[PDB]
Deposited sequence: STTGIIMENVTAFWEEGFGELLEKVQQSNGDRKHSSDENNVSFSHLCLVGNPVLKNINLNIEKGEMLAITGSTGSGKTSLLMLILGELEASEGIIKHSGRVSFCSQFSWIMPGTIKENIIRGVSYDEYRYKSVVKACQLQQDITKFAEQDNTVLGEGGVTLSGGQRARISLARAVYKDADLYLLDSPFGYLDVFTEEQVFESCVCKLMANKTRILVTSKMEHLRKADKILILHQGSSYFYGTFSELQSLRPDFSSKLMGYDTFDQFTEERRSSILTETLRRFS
């Protein structure tokens, strides 16, 4: 189904700061909002790209949809099974395959296609036991991207109506990340309602709707075209760099943040 948030606002409630960690008790006392006057309308099959200054409420907006945070004000509609893929890539003890199809019914196909799209083929081929290689909790010897991709694969493979993808593209193997973005998010999932948190411009360009957060507020919402005209200062500064999307995730974020401060 689609997802809608009409003038939503949420506040810090004890525990949510404890949940996220997977001073808070001051924010809770003061009663400051984590998100404020959040507005969005996504149609089934559309892909929403979320971005913004670091620590602006992106991961939180997600927890909201997940129902781990409630909307003190405003309406929030969406339905069906939702699949979440956190910034923290978690690996459970078992095989690469086991990690991906765990708790869900198997489908030779569906599986092969996800594994392919997520670019896991280039990985499991380096292993003597392919996707049958046994991992130890946390997949410690694996690389950041390898875990991220395995983590994504697991999320994508699940059958759901809404897919919440929190910053999966933030590692050094940037080229692979670009391939994954296309074949998985843009192609393979093209007809699935999906929200993607990111710091890569290209992801905005190719999104149906954009959403830029900053200091818990909505700095912008709307298509990419609307973005260029209604936020010329921002859009100009960001399209300035030739190869921004290949800057470290840290560098990308530090710019978005600084830029967002200048044109608040």
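- Coordinate coverage of the deposited sequence is interrupted at 1-2, 25-41, where no C-alpha atom was modelled.
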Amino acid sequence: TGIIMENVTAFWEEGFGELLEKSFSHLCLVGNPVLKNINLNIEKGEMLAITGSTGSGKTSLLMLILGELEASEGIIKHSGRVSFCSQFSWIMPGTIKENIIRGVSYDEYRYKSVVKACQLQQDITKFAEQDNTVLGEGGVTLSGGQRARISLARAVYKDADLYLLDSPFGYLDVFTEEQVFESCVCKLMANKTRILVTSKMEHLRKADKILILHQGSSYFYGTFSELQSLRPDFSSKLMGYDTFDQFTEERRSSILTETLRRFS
From here on, numbers count along this sequence of modelled residues.
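- Stretches 160-168 and 139-147 differ in mean CA B factor, with 160-168 having the higher one.
- Averaged over their C-alpha atoms, the temperature factors of 55-63 and 229-237 are higher for 229-237.
- Taking the PDB entry at face value, the top CA B factor among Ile75, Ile100, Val174, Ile124 belongs to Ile75.
- For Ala71, the recorded CA temperature factor ranks within the highest third of the chain's modelled residues.
- Sorting the modelled residues of the chain by their CA temperature factor places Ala207 in the middle third.
- Sort the modelled residues of the chain by CA B factor and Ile195 lands in the lowest third.
- Compared with the other modelled residues of the chain, the Cα B-factor recorded for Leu35 ranks in the highest third.
- Per-chain ranking of the deposited C-alpha B factor places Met201 in the middle third.
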